[PDB]
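What follows is a single chain, given as structure tokens, in the form solved without its partner chain.
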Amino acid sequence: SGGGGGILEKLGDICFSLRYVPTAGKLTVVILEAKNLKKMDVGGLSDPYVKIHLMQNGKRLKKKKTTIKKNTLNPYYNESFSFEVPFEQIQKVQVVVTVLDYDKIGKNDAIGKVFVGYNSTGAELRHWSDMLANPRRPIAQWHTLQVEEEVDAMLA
């Protein structure tokens, strides 16, 4: 129950898999696809890419990013990323997933973001809990993107 703050924001959705291997402390995130993204270019669509942050206690510990897909609101990525998180800390971290529009000049604006892990709620918490309940098993799930203002207030 609960969560769902981004549902009516109409920013789009992201699908990714999570896998956690406790013995090795290996956390794998595969960015699969996004859909229904907000348009971010005047006269056009968006040039989306995805950033992943590992966080704890308001600090960005590690940063990864996908390739950029041009001129689409429904990008497919299928790009894998791994992090090292010891089992004693896996219930105390966040994985933050942000979709942004690439612009050749100017700060790349976020479309929206979500996080899973500590302090996550709703479908975000469910995905994380499913990951932890099933060591070594990759679990794919869709998430609704939420405005950065809101998500960042929860992460800070």
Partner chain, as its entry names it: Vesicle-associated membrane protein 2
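The term rigid core refers to the most C-alpha atoms you can superpose between the two forms while keeping them within 1.5 Å. Numbering follows the first chain given and starts at 1.
In what follows, reference is made to the form solved in complex with its partner chain, a form of this protein that is not presented.
Its partner chain contact in the entry with it bound: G106, any heavy atom under 4.5 Å: Result yes; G106 sits at the interface with its partner chain in the entry with it bound.
With the partner left out of view, is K65 within 4.5 angstroms of its partner chain in the entry with it bound by any non-hydrogen atom? Output for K65 is yes: heavy atoms within 4.5 Å of its partner chain.
Heavy atom contacts to its partner chain in the entry with it bound at 4.5 Å, residues of 17 to 51 in sequence order: Contacts from 17 to 51: just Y49.
Rigid-core fit between the shown form and the other one, the member of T121, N108, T28, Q56 whose C-alpha shifts 2 angstroms or more: The only residue crossing the 2 Å threshold is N108.
Comparing against this form, do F83 and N108 have their CA atoms pulled together or pushed apart in the entry with it bound? The difference is 3 Å or more. The answer is farther, because the C-alphas of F83 and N108 separate from each other in the entry with it bound by 3 Å or more.
Do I68 and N108 have their C-alpha atoms closer or farther apart in the entry with it bound than here, with the shift being 3 angstroms or more? So the answer is farther.
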